[PDB]
Amino acid sequence: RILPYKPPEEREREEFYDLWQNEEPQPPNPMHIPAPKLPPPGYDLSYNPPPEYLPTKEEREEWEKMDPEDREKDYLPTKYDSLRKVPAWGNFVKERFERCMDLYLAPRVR
Amino acid sequence: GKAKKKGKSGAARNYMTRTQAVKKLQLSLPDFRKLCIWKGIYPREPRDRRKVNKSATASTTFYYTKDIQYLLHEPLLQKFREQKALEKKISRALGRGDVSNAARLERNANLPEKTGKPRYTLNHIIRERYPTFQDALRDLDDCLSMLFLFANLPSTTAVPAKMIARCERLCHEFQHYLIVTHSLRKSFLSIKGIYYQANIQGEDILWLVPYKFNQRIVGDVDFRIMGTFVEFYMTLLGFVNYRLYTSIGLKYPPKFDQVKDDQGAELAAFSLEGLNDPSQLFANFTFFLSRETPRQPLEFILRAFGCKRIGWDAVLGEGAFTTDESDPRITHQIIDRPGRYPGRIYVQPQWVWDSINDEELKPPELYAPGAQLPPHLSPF
Amino acid sequence: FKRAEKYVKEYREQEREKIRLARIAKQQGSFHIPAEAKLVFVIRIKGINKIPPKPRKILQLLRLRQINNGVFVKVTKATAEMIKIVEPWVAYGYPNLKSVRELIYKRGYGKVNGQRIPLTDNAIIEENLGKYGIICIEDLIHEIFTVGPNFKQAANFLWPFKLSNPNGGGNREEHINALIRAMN
Amino acid sequence: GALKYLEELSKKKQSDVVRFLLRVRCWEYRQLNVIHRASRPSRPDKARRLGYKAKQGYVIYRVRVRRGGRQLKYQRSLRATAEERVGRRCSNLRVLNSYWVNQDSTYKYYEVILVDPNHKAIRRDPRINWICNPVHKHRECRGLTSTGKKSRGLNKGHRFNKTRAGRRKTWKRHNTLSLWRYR
Amino acid sequence: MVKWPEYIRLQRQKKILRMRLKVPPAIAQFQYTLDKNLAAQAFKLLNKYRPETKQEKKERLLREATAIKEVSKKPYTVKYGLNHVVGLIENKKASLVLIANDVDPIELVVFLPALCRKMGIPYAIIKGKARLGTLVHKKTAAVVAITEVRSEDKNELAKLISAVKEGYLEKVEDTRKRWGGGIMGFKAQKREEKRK
RNA sequence: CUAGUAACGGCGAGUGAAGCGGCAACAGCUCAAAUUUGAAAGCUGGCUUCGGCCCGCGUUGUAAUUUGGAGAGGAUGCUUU
RNA sequence: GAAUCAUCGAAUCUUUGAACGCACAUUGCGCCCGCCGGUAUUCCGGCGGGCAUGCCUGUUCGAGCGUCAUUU
């Protein structure tokens with residue numbers, strides 16, 4: 001009835017199943033509105049776009065002069081000759097955190 | 001003839017404010033917010049906010065009656081009261097000075113810092129939220145994007161190094177599922193990072209893997225809210241990864257060596273046992289990544305397309321082909337610098353991504369080193 | 001207000017350390033280690049509040065002042081006796097490739113103009129050093145795993161790593177490589 | 001043996017240490033309710049001697065009763081009036097016994113031991129499971145406590161002839177005309 | 001002005017009455033407890049002789065049971081319980097006795113300082129019956145005692161026995177016999193002058 | 001049955017027992033006051049595959065031993081489950 | 001397997017009444033949870049389970065310079 005003794009260091013040595021085991025189709029209720037997925041990555045998101053997609057240096061300066069969150073696009077394309085010249089994205093985590101409040105703090109309208 | 005009030009009848013019965021929902025649930029505001037992430041509760045918009053509440057503002061958020069009633073009957077709400085009393089019991093033995101009673105009560109707590117497995121069990125909530133495996137793959141889009149982003153980020157109080165070590169272990173396990181089934185189709189290079197598209201059961205999954213560098217995290221970010229997102233997605237990851245391995249017949253969880261993982265094998269330590277156009281691309285080819293090229297995004301791609309023999313530098317990893325560059329077995333070396341053996345083709349990692357996207361063997365003469373690269377295109 | 005409880009303890013720790021420090025100089029400063037040059041990642045842990053003056057000069061020499069910092073050193077017959085003085089406040093051990101590559105990637109800070117900036121661009125690397133044979137972070141990563149002559153500047157470039165405090169996770173040979181994983 | 005010391009101290013109750021305690025407690029008990037509750041007995045030696053245990057199902061209640069006459073005298077004792085007022089308050093419990101705790105010029109203060117017949121610790125214990133039986137409902141109302149046995153004259157001897165089995169039963173026996181068949 | 005709750009006022013008025021009324025020497029000696037240094041040194045020794053809790057006693061019995069399937073000395077713990085402790089001090093088995101100052105029926109400990117002084121065991125009076133229950137692994141302990149310690153710290157108890165004697169016992173010697181009271185404030189002094 | 005006796009009384013009216021003896025029926029016990037102190041050994045819950053887990057009560061005392069025509073402790077050797 | 005049959009271990013059991021959401025001389029007036037029908041996420045009607053007081057044990061929440069510890 002009773003397990004014998006194991007010393008507590010050996011207890012620290014000591015310390016998956018199918019969710020859809022019986023799966024049936026379920027009709028979705030019309031009130032629940034699913035979240036809209038993110039757009040697919042466009043041509044201009046690439047680190048080496050065609051040179052017709054270059055803006056010149058004036059609106060790069062004009063981009064940095066005006067305040068953030070006043071932009072139609074949070075990005076403009078850049079040119080990089082090699083992947084080692086490409087740095088990490090500066091505001092990636094802030095964008096994903098803004099997606100979090102887009103996912104659970106900003107409402108959906110059907 | 002009966003008199004009925006406009007305040008008590010109408011949209012006020014249907015929609016309820018956030019403050020009224022919190023007071024009804026008798027929970028704290030972070031507790032109510034966390035339960036909304038797990039259960040998928042959503043504020044939505046009423047048709048007329050004035051009809052819902054006469055004293056109301058557009059900045060205020062409302063809620064539906066039915067999903068609030070689900071939160072009232074949530075077993076997690078019962079589990080929150082049990083965990084709160086248990087957290088009071090942890091400070092009991094600390095206050096008494098009872099070290100042994102503190103050791104066992106934290107062991108009864110099963111706190112996630114020392115375990116890595118999430119604190120609460122949400123198998124029933126995930127089952128209620130996702131009715132089909134296709135919807136799990138649809139939410140795997142943001143799940144894998146969350147997983148690889150927060151696997152690159154360092155450890156904090158909300159996300160300890162144990163949970164990232166579990167995250168990078170399970171992310172490679174899902175990657176090992178992809179390289180067995182050859183599921184990856186499109187790879188995309190971008191300033192934000194590297195995008196990947198793979199097809200599973202007729203469903204496409206997109207995720208973004210930033211470059212392995214130092215990403216600044218400072219500002220106003222809540223580590224608790226990204227922590228509960230990871231905890232929800234980690235539980236969704238484990239049951240999906242168990243389903244996919246049992247679907248293909250490979251055993252789950254796969255075995256691994258801690259010595260190889262500590263020595264830097266990464267993708268090489270994870271050995272997968274079968275029993276408890278993509279393949280034709282580099283069907284019989286040898287690859288050698290140099291020290292500059294990113295090993296982790298490259299190794300994911302060519303193993304997904306079934307290339308057999310790949311090596312890299314000793315300082316880049318462990319458990320690979322021979323490190324020395326004098327071996328003539330290698331055909332294509334991936335170099336990116338600003339030997340020169342005639343038997344070895346010298347080519348750039350940009351050629352790798354273009355050849356995966358086009359699947360037409362783009363010429364290495366055009367992608368020769370020391371020359372300006374052609375503009376690559378987005379497959380989407 | 002501070003009690004005579006702490007006064008006697010502080011003077012007892014000071015005479016114990018002075019005897020041990022004067023033990024060390026009077027005896028031969030030789031460690032039971034092979035003469036082959038090796039590499040140490042060394043971490044300051046708070047030993048005692050008061051500090052003696054010979055380690056005062058040498059802890060400023062390792063710029064190891066703040067709580068729970070780390071830095072990479074290379075052992076010589078000199079650097080051993082530097083390590084063989086500062087034992088109670090530091091932990092010394094041989095790193096592994098996974099431990100070192102993560103630590104700079106998760107936390108990489110550089111020193112220019114007396115400023116602690118992150119490691120955001122490899123173009124910043126060439127703007128900082130440039131002409132020392134280094135080409136990116138992985139060049140510095142390889143420089144850590146096998147010591148070259150330019151490691152002296154790479155140690156000087158690299159800021160001390162301000163690691164996070166663990167919640168409970170002299171010489172330790174592999175236990176410090178367990179300590180980096182517990183507290184990074 | 002701390003309760004032997006308490007027994008000797010309770011005997012000496014006009015002395016300086018105890019009269020101080022009886023003064024400060026009477027002030028506190030006066031400003032509390034009439035039929036308030038006590039978490040622990042104020043006289044643990046008297047509670048122990050009378051049957052109180054530190055077990056779930058045993059509670060203590062404190063009662064203040066007005067002192068004086070009813071020159072008609074109320075034949076019910078002030079302890080019997082105290083016991084009747086707890087039972088009408090704690091109607092789910094059974095009055096075990098009671099004891100004196102304090103005095104004033106206007107009030108007398110008693111502490112009453114109650115036993116819960118519906119707890120499981122009480123029904124399991126054969127030393128107190130007798131009070132679980134339905135004969136012992138409201139013992140204080142029938143004169144079945146130590147106060148009631150005193151006021152009913154339930155002693156033995158020539159001195160207690162009229163009341164040693166109940167005076168109403170004895171008066172019925174002594175006033176009955178017994179007629180037999182073969183008279 | 002505002003109205004306080006009834007139990008708040010009653011427990012606050014119990015403060016003023018205790019400090020105003022002059023107290024007989026049996027209860028007045030409980031107002032003189034020991035100092036911060038002697039408490040920490042006493043509890044340093046006493047923590048070393050804590051009893052075993054329900055968890056590590058159940059594991060220790062599980063030790064000897066599974067070994068019997070497949071040699072001990074006398075345990076030394078701090079002694080507690082009133083009738084157990086006063087039985088020990090009546091039999092001169094106790095070395096040091098530590099008494100709480102806040103036993104709600106004070107009579108349960110009011111004979112203890114005289115009984116310890118008659119029998120010859122040195123005693124002390126400490127703040128907190130909750131602090132003694134911490135040592136005991138109970139909620140509250142009215143009194144604790146030490147009978148015998150291991151030979152590792154026979155010297156530590158002897159120095160604590162002396163430190164309790166010359167630091168607490170020969171300082172309250174005159175205040176054992178003398179009454180309490182005499183903490184009258186400015187409002188009480190003006191009221192007494194008006195009454196007289 | 002004692003006994004309309006003793007005893008009490010505008011000693012008028014009156015009131016009014018009991019021990020003994022013969023029967024009927026019979027049956028004895030539990031605490032508090034003790035230090036288990038070489039080990040709170042006691043008990044309520046609610047979680048369970050039910051086999052045994054935690055929470056609380058409780059040392060200001062829950063079990064065992066003992067209740068003054070007794071008893072405890074040692075020793076002692078038979079007899080009981 | 002009849003019965004204005006007997007037995008009786010399973011059910012049903014309207015309003016009241018110690019009478020228990022409020023009122024009562026009206027088949028009325030409120031709140032929490034769920035369901036159904038009729039234009040129906042908003043309107044109406046109906047139905048189901050609940051909502052008295054004193055006290056006991058536990059659970060949980062709160063207050064009190066009542067009160068203890070907290071520089072190793």
# chains A, B, ... in the order shown; residues from 1 in each chain; ligands from 1

$ residues_around --residues "residue 57 in chain G" --least-positions-apart "5" --cutoff "8 Å" --atoms "only C-alpha atoms (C1' of nucleotides)" --output "PyMOL selection string"
(chain D and resi 56-57+119) or (chain F and resi 44)

$ interface_residues --of "chain D" --to "chain E" --cutoff "10 Å" --atoms "only C-alpha atoms" --output "list in words"
residues 1, 2, 3, 4, 5, 6, 9, 10, 16, 17, 18, 19, 20, 21, 24, 27, 28, 31, 32, 40, 41, 42, 43, 44 and 45 of chain D

$ residues_around --residues "range 126-137 of chain C" --least-positions-apart "2" --cutoff "8 Å" --atoms "only C-alpha atoms (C1' of nucleotides)" --output "list in words"
residues 84 of chain A; 112, 122, 123, 124, 139, 140, 141 and 150 of chain C

$ interface_residues --of "chain E" --to "chain C" --cutoff "12 Å" --atoms "only C-alpha atoms" --output "ChimeraX atom specification"
/E:36-37,40-41

$ write_last_selection --atoms "N, CA, C and O atoms" --output "CSV table (one decimal), in the first residue's frame"
chain,number,residue,atom,x,y,z
E,36,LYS,N,16.8,43.1,23.3
E,36,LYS,CA,16.9,42.5,22.0
E,36,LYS,C,18.0,41.6,21.8
E,36,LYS,O,17.9,40.6,21.0
E,37,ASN,N,19.2,41.8,22.4
E,37,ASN,CA,20.3,41.0,22.3
E,37,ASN,C,20.2,39.7,22.9
E,37,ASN,O,20.6,38.6,22.4
E,40,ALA,N,17.8,37.3,20.9
E,40,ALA,CA,18.4,36.7,19.7
E,40,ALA,C,19.4,35.6,20.1
E,40,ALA,O,19.5,34.6,19.3
E,41,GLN,N,20.1,35.8,21.2
E,41,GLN,CA,21.0,34.7,21.6
E,41,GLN,C,20.3,33.5,22.1
E,41,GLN,O,20.7,32.4,22.0

$ closest_atom_pairs --of "chain B" --to "chain C" --cutoff "10 Å" --atoms "only C-alpha atoms" --output "CSV"
residue,atom,partner,partner_atom,distance
B:113,CA,C:167,CA,9.3
B:114,CA,C:169,CA,8.7
B:152,CA,C:106,CA,7.7
B:153,CA,C:106,CA,6.7
B:154,CA,C:106,CA,5.2
B:155,CA,C:184,CA,6.2
B:156,CA,C:164,CA,7.7
B:157,CA,C:164,CA,9.0
B:160,CA,C:184,CA,8.1
B:161,CA,C:184,CA,6.4
B:162,CA,C:182,CA,7.6
B:165,CA,C:181,CA,9.2
B:212,CA,C:105,CA,7.1
B:213,CA,C:105,CA,5.6
B:214,CA,C:105,CA,5.7
B:215,CA,C:120,CA,7.1
B:216,CA,C:118,CA,7.8
B:261,CA,C:98,CA,8.1
B:262,CA,C:98,CA,6.0
B:263,CA,C:97,CA,6.3
B:264,CA,C:98,CA,5.4
B:265,CA,C:98,CA,9.0
B:266,CA,C:98,CA,9.2
B:291,CA,C:138,CA,7.3
B:292,CA,C:138,CA,6.7
B:293,CA,C:138,CA,9.5
B:294,CA,C:138,CA,9.9
B:314,CA,C:97,CA,9.5
B:315,CA,C:142,CA,6.4
B:316,CA,C:97,CA,8.6
B:317,CA,C:97,CA,8.1
B:318,CA,C:97,CA,9.4
B:337,CA,C:135,CA,8.5
B:338,CA,C:135,CA,9.1

$ atom_distance --atom1 "CA of residue 151 in chain D" --atom2 "CA of residue 76 in chain D"
7.6 Å

$ interface_residues --of "chain A" --to "chain F" --cutoff "12 Å" --atoms "only C-alpha atoms (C1' of nucleotides)" --output "PyMOL selection string"
chain A and resi 1-3

$ write_last_selection --atoms "C-alpha atoms" --output "PDB file, in the first residue's frame"
ATOM      1  CA  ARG A   1       0.000   0.000   0.000  1.00  0.00           C
ATOM      2  CA  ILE A   2       2.877   2.382   0.824  1.00  0.00           C
ATOM      3  CA  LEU A   3       5.851   3.195  -1.387  1.00  0.00           C
TER       4      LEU A   3
END

$ select_by_dssp --residues "range 37-173 of chain D" --states "strand (DSSP E)" --output "ChimeraX atom specification"
/D:37-38,58-66,94-103,107-115

$ write_last_selection --atoms "C-alpha atoms" --output "PDB file, in the first residue's frame"
ATOM      1  CA  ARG D  37     -19.152  34.204  23.010  1.00  0.00           C
ATOM      2  CA  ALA D  38     -15.777  33.296  24.519  1.00  0.00           C
ATOM      3  CA  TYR D  58     -17.231  22.531  22.530  1.00  0.00           C
ATOM      4  CA  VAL D  59     -17.994  26.252  22.779  1.00  0.00           C
ATOM      5  CA  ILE D  60     -18.064  28.701  25.689  1.00  0.00           C
ATOM      6  CA  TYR D  61     -20.610  31.498  26.077  1.00  0.00           C
ATOM      7  CA  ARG D  62     -20.671  34.336  28.615  1.00  0.00           C
ATOM      8  CA  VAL D  63     -23.955  35.648  30.050  1.00  0.00           C
ATOM      9  CA  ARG D  64     -24.787  38.621  32.251  1.00  0.00           C
ATOM     10  CA  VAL D  65     -27.834  38.175  34.480  1.00  0.00           C
ATOM     11  CA  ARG D  66     -29.548  40.875  36.503  1.00  0.00           C
ATOM     12  CA  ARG D  94     -26.749  21.138  24.386  1.00  0.00           C
ATOM     13  CA  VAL D  95     -26.025  22.863  27.698  1.00  0.00           C
ATOM     14  CA  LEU D  96     -23.428  20.773  29.512  1.00  0.00           C
ATOM     15  CA  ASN D  97     -22.751  22.833  32.648  1.00  0.00           C
ATOM     16  CA  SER D  98     -22.009  26.402  33.775  1.00  0.00           C
ATOM     17  CA  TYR D  99     -19.783  28.242  36.233  1.00  0.00           C
ATOM     18  CA  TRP D 100     -19.363  31.650  37.847  1.00  0.00           C
ATOM     19  CA  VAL D 101     -16.781  34.016  36.398  1.00  0.00           C
ATOM     20  CA  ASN D 102     -17.514  37.535  37.688  1.00  0.00           C
ATOM     21  CA  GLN D 103     -19.769  39.713  39.830  1.00  0.00           C
ATOM     22  CA  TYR D 107     -25.000  41.882  37.276  1.00  0.00           C
ATOM     23  CA  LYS D 108     -23.617  38.386  37.730  1.00  0.00           C
ATOM     24  CA  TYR D 109     -21.443  36.801  35.054  1.00  0.00           C
ATOM     25  CA  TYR D 110     -21.492  33.121  34.128  1.00  0.00           C
ATOM     26  CA  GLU D 111     -19.686  31.004  31.542  1.00  0.00           C
ATOM     27  CA  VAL D 112     -21.640  28.139  29.980  1.00  0.00           C
ATOM     28  CA  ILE D 113     -20.212  25.041  28.296  1.00  0.00           C
ATOM     29  CA  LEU D 114     -22.084  23.892  25.188  1.00  0.00           C
ATOM     30  CA  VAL D 115     -21.676  20.645  23.240  1.00  0.00           C
TER      31      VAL D 115
END

$ interface_residues --of "chain A" --to "chain C" --cutoff "8 Å" --atoms "only C-alpha atoms" --output "list in words"
residues 84, 85, 87 and 88 of chain A
